Amino acid sequence: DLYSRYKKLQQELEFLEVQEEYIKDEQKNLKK
Amino acid sequence: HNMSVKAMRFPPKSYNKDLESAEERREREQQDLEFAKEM
Amino acid sequence: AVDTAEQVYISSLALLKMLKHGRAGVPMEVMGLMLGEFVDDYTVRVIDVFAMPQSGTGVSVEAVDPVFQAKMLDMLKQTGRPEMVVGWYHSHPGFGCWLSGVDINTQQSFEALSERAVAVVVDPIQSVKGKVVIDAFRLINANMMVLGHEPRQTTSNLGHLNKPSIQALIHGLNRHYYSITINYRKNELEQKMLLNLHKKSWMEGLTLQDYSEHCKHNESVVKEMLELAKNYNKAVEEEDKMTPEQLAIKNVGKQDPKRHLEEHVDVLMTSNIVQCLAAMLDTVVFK
Amino acid sequence: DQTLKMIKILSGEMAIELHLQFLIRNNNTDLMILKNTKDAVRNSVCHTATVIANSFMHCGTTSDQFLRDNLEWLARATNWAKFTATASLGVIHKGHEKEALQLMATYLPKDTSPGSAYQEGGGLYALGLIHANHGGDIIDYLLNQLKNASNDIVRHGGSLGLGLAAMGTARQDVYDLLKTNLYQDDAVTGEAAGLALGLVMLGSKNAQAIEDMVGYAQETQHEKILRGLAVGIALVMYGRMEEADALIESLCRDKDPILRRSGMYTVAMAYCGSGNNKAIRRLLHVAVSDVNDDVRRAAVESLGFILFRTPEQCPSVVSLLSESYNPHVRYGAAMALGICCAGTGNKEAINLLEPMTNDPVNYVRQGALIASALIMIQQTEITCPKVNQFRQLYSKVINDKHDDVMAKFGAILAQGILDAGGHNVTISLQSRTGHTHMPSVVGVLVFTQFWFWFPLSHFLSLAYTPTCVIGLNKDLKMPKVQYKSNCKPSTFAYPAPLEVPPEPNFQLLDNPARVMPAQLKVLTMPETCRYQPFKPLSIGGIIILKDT
Amino acid sequence: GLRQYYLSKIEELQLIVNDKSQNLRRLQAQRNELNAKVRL
Ligand SMILES: [Zn+2]
């Protein structure tokens, strides 16, 4: 298949986006 | 200064295991502590 | 039976009473009464605490004056609202938390009246910010200890969460009494009115901070910062040398220019920028 | 017939008594294991641990010899272990109408009437366990005794059993006596009515009932009444994807950490298996921010419930959070793996669970053993080699005296989890269709809350599911099919206890024959048998097998 | 035009995967060292 090769690969862009925001939160939370 | 801070983020690696104290020495601390409270 | 899941709710003011009266009379084991609001077999609440004056010279839990707890019990009765005597306390000064042989007898006199009186230990000396050491306890039956029957019938994963101190394990701890988990009753209304009311500078940053001596003090750091920078022209020159953990064990007698330097850089920085901007708002705001 | 068809397909008792037939024909257990766990005779949790362990490994098999071995050590502990004892009988007699009243004829509350009102009190609990999702005489017989009884010493069993049997029905009259069970203002009826109050209203979003529940859970002084409703208002909404968000934000906004925790359960149940962004930002965000540890533990234990569709992603993100400063987030991290990847033998997840027992906190050492049990049920040494690496480990931690009771409680629990039903039952939050198994979902979410009620995680029998094909030609007649497989027969490995005081791949299998879901593809169809399947054999369960 | 169109997206998304992955690997170790300082 080729049709899943783009949708399931932007799926991990949505999955990828949250994590830098997460370590962004823990970056201050481990300080305070 | 700030570029010497942003470029200082390439050495941080291989910081794998942060052992708190131990496990078996904690168990022997519980045993000897239990003996000292037993006395 | 109890379920080792008691979860004492207390207060916000009673802890302040405990540290004040337990602190001002520090070397003597001071005490007092706890006038709370009794609820069910599971939980118990104590909202108010009034202390008791001492008997004489001597560190002890002592006795009670039921004249004094009578009229003092009737004192707020005629003014505020009635409550119920739910417990009592004392104050180990520098000890930790347990029940002494003196403490367990006056505990035994107080559980006989109501079975859910509470022995409370405060220790306001081993506390710094996130510490209170309010490990409150209550007796367990030595009769059942002679029976060898294990008490308190754990039905909830709420009791064995905190780990006991070894000094209480030296004392009674689990042979005469039991531990109790607590929390703190907070609201919105008190949190703001302490938060906005603790350290508020009034008009201080709208000043100039000793306008002759701001720059003079700025000299008074830079002048020795020069020779400390000569130490920074001294300490670099023993690199490519013996194994810088040796440069860690070895610098324990004489100061390093590095940390001492970046101290003074920050001090001069925050010293200058604040006076710089605060000098300039007034030129616009004042005409 | 076609008139009898709605009976044949809507009662569905030819999976109930036929998987019960599979349990009475298929039972692979041990007594020697419970003899090894017999050694810890003390008045700790150990009594309830063992008597919930044999109920965990004897689900629906009706085997009364592990209980009928004794009465003194069984009836040694009291006041809730007898409640748990009369609780545990229904999972053993699960899925069978007849042996519900007649074996509990000793345990009627008006025949013997002992000093233990829980031994005669928690019976209707177990009737609800047998006839969960079976609404009949259990409703009215477990309704009229609830009209007139004692206090919450039988009302726990009748209330939880009645909402359990009437789970997700909205019959509105069980909601009525759950209102008068609700407004008792009693801390001990809070557990009785708070959970069933959501159970009968599962997925119903009756906003006036929401208004009654969250309206009532704002002014009471006790917390168990604040806790049964905390899961109930999560349970009233189920898989809505947007329709709860005002309520999620409302519960999250309030200063009550129990209510914010309940908002985390509610956003956990409104996004089941759904990899949504709006859930994963703030659901994980709070897990940073909030100061109570309970809401953090549920906040990280929502991740497998919202992300069990793909188990490939939670070991990538929760491994990052197994090294938190607090053992609460370290604990709910391990249970987040344990609810995420439990359907598979994920080598990465076992790799993450390996150093989790090394932590100096007893309950995260415990939850490492729970997740270590859930990862590898019905998996024998060829899916992953850590099975026998851990069989010595649970025995290693249960045969020590100097370990914690709370630490080894995950081991004695993990035995009945690990050897459950004679290696015939398993967990499945997921059908082959792509649809989830919502009593397994509610059973595992309710299975999380063994904290504040120990037989609360006894509600797990809705998660135990078969892995077995069944051949059939008519409504009733068993065929005699003898098919085989093709691949490596070491996949067909057994527990095989050791009992200390030339390779056939043609596995001939009858109609009550277990088969691994990985082994669903490696089989061979019966090509020379008289019975030949009209259906392409892909799923287990019950299928047609045409006599040709 | 499925060749010149649909395959023209896999060539682009991968570039975001490569460097945002690298930034993530930087930032999680960044947190790691501090987390070791907290536990220690
Ligand atoms: Zn004292």
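Couple of notes before you dig in:
- By the Cα gyration tensor, the protein assembly as shown has an equivalent ellipsoid whose semi-axes, rounded to whole angstrom, run 53, 41, 29 from largest to smallest.
- Each 10 Å bin from 0 upward holds the following percent of the Cα-Cα pairs of the range D:132-199: 24, 63, 13, 0.
- For chain D, the fraction of C-alpha pairs farther apart than 38 angstrom is 28 percent.
- D:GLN218 versus D:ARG309: modelled label distance in nm, points set 7 Å from Cα along the beta carbon direction: 3.5 nm
- D:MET237, D:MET14, C:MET280 arranged by Cβ crowding within 10 Å, fewest neighbours leading: C:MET280, D:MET14, D:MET237
- Note on the range C:145-278: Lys pairs 8 or more places apart or on different chains, Cα atoms under 16 Å apart, count 8.
- FRET efficiency estimate (nearest 0.05) - Cβ-Cβ, D:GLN482 to D:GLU503, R0 25 angstrom: 0.85
- Using the Cβ-Cβ distance between C:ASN174 and D:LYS38 with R0 set to 45 Å, the FRET efficiency from 1/(1 + (r/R0)^6) comes to roughly 0.95.
- Residue pairs, from the table D:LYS179/D:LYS255; A:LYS31/D:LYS224; C:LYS77/D:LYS179, whose Cα atoms sit over 32 Å apart: A:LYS31/D:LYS224; C:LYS77/D:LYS179
- Alpha carbon centroid spacing (whole Å) that separates the range D:367-413 from chain B: 26 Å
- Each Cα pair of the range C:1-66 feeds into the Kirkwood radius, which the Stokes-Einstein equation turns, at 20 °C and 1.002 mPa s, into a diffusion coefficient of 158 µm²/s.
- Charge dipole (debye, nearest 20) of the range D:115-241; +1 at Cβ of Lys and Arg, -1 at Cβ of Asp and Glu: 340 debye
- Value of D in µm² per second that Stokes-Einstein yields for the range D:251-350, Kirkwood Rh from Cα pairs, at 20 °C (1.002 mPa s): 161 µm²/s
- Cα lying deepest toward the dipole's positive end in the range D:1-58, options D:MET6, D:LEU34, D:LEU23, charges on Cβ: D:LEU34
- Efficiency of FRET from Cβ geometry, C:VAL285 and C:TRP202, R₀ 22 Å, rounded to 0.05: 0.85
- Exposure proxy ranking for C:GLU263, C:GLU237, based on other Cβ atoms within 10 angstrom of each Cβ and starting from the fewest, stands as C:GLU237, C:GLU263.
- Label zone at C:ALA278 (point 7 Å along Cα-to-Cβ), backbone N below 16 Å, the range C:177-209: C:200-209
- Modelled spin-label separation between C:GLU37 and D:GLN184, with each label point placed 7 Å from Cα along the Cα-to-Cβ direction: 2.3 nm.
- Across the range C:113-239, Cα-Cα pairs more than 21 Å apart make up 69 percent of the total.
- Pairwise inverse Cα distances across the range D:447-508, averaged and inverted, put the Kirkwood hydrodynamic radius at 16.7 Å.
- Largest first, the extents of the alpha carbon coordinates of the range D:346-482 on the three principal axes equal 59, 34, 27 Å.
- Only one residue of D:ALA518, D:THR528, D:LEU71 has its Cα farthest out toward the positive end of the dipole of chain D, where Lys and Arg carry +1 and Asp and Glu -1 on Cβ, and that residue is D:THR528.
- Reachable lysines, given that their alpha-carbon falls under 21 Å from the alpha-carbon of A:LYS8 and they are not under 8 places away in the same chain: D:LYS278, E:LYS9, E:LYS20
- Point-to-point label distance, D:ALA105-D:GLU243, nm (Cα→Cβ direction, 7 Å offset): 4.8 nm
- Dividing the convex hull volume of the alpha-carbon atoms in the range D:43-172 by its residue count gives 109 Å³ per residue.
- Taken over chain C, the convex hull of the Cα atoms encloses 280 Å³ per residue.
- From least to most packed, judged by other beta carbons within 10 angstrom and beginning with the fewest, D:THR37, D:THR62, C:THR243 follow the order C:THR243, D:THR62, D:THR37.
All Cβ positions, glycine included, derive from the backbone under ideal geometry; neighbour counts span all protein chains shown. Quick note: the coordinates plus some simple rules give every number you see, no bench work behind them.
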